[PDB]
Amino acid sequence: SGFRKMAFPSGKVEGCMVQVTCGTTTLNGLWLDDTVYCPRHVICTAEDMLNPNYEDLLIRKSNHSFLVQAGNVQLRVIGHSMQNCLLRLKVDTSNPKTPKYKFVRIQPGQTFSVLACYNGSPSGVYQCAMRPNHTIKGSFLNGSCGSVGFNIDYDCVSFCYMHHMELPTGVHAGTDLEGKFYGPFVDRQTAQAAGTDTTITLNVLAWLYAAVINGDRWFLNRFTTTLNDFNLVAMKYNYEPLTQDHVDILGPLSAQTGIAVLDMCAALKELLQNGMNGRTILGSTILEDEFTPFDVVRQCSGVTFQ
């Protein structure tokens, strides 16, 4: 029993974190086989950020412009290229600790673990959701760029995020491991700001199923609803519209608890309209949206507390 925001064990990722220095700038890189990945803005100094031309800034660099440190070991750069917003440094050593891995581009609403790192040293791990507005509410200080997000599937690390910047509201933006940004953000200091966010409906529903699996039914009701009628209430409360695809995804959870998706939607609608009446769900006083249907099946018992 219980329910917590759980991260994946971070060991396989810890063994891949290095430090990358270019001139006066240091940040984290990711060492897989004989390549180190890092934010290209490592090449930018104390004025470049405002309007950098990375093509131009990089052509002026040599292989020995870059200092890569794996622990106390110094790695030798023997090549470099730019891939979108990432630098790809080739090194003379292959990381013996490289896990089985892939690079994936995660969709909004999906969750992953972040290994916060400073000077190539892991300092903490926590679970994040990719917001509908393509930001994450992380916990990052100066020096955290190059910290990565990931999921672990059996023995395979699916890397899906690399940290690049903080936006004015204190939220965070970055790229996939191909260097393409999530959201309309760019790696330069501009007026860019997070667009308006919405609550992740599908995740709230999954979480309500987790609460039932864990034995709680107080918020249920005898009503049902249609998709369209639900979505009118959804938009009033700034929730993402529910789609048939989302209903389909909730099938396994619906089957395990014997509660129809649209009946759970009627429950949510009531909770949204009436509030929670001083009561809690899975220890929370608010409706949580950073657990996916996958996260619930992963964490919750396969048998429900009927």
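Rigid core: the largest C-alpha set superposing within 1.5 Å between the two forms. Don't overthink the numbering: it's just position in the shown sequence, from 1.
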Top-deviation stretch by C-alpha RMS in 8 other deposited structures of this protein (rigid core reference), from 294-302, 17-25, is 294-302
Of 169-177 and 136-144, the one with the larger RMS C-alpha deviation from the shown form in 8 other deposited structures of this protein, core-superposed, is 136-144
Comparing 76-84 with 118-126, the higher average Cα temperature factor in the PDB entry belongs to 76-84
With B-factors read from the PDB entry, the higher C-alpha mean of 225-233 and 104-112 is in 225-233
Highest CA B factor of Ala206, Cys160, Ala191, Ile200, as deposited, is found at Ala191
Per the deposited entry, the peak Cα B-factor within the set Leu27, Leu242, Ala267, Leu67 goes to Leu67
Temperature factor at the Cα of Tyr54, chain-ranked in thirds, falls in the highest
Binned into thirds over the chain's modelled residues, the C-alpha B-factor of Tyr154 lands in the highest
Quick tally, chain-level thirds of C-alpha B-factors: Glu178 sits in the middle
Binned into thirds over the chain's modelled residues, the C-alpha B-factor of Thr93 lands in the highest
Chain thirds by Cα B factor, record data; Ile249 belongs to the middle
